[PDB]
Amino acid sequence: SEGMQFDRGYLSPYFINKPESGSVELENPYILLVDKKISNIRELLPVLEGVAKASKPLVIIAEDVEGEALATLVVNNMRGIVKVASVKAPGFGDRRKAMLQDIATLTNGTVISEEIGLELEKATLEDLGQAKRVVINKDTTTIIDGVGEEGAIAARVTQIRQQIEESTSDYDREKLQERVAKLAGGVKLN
């Protein structure tokens, strides 16, 4: 019940902001969800402009963040220009896409997906998910108290649970149950 946790850690230790625990702890962050690799910093500039309007940190969960995009995020973070962290989206292939949506639903975010005609350079603050806290270390990412609408989160879980009923695979069922447990962990109470 202590957050949605998945087995991807920081993409660079230079995102650490709690050196004594080797971790990134970000309070009331925006959460950018992207179902592709990000390499071109120009794609992120517009969103980063929005984040620059306040003191809210940004967590980027993308298929990967690499090259000039990652380097600029690391340098800006080290300089204190922004408070940012990046992690790889959990999982593989279709399940990775489904789990990015699990996170979007949990956090009231929108997955920036070219599959449906969305473009990273046109992403806005309104597209970003939010949660009370995100904690990242070398191995894991934990999203605590996502702000997603309860009905939407419940409907998502119920849908995953029906998917379990459509399977006769122990492996696949366990993986679906894991998605359920993760969503449940991330809910916001009291």
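Note that residue numbering begins at 1 and tracks the sequence as displayed.
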query	finding
Residue stretch of maximal mean CA temperature factor, 117-125 vs 29-37	117-125
Higher-B stretch (mean Cα B-factor, as the entry records it), 43-51 or 56-64	43-51
CA B-factor ranking of residue 76, expressed as a third of its chain	highest
Record-listed C-alpha B factor of residue 182: chain third	lowest
Third assignment of residue 130 from its chain's C-alpha B-factors	lowest
Ranked against its chain, the third holding the CA B-factor of residue 140	middle
Residue 21, C-alpha B-factor rank within chain (lowest, middle or highest third)	highest
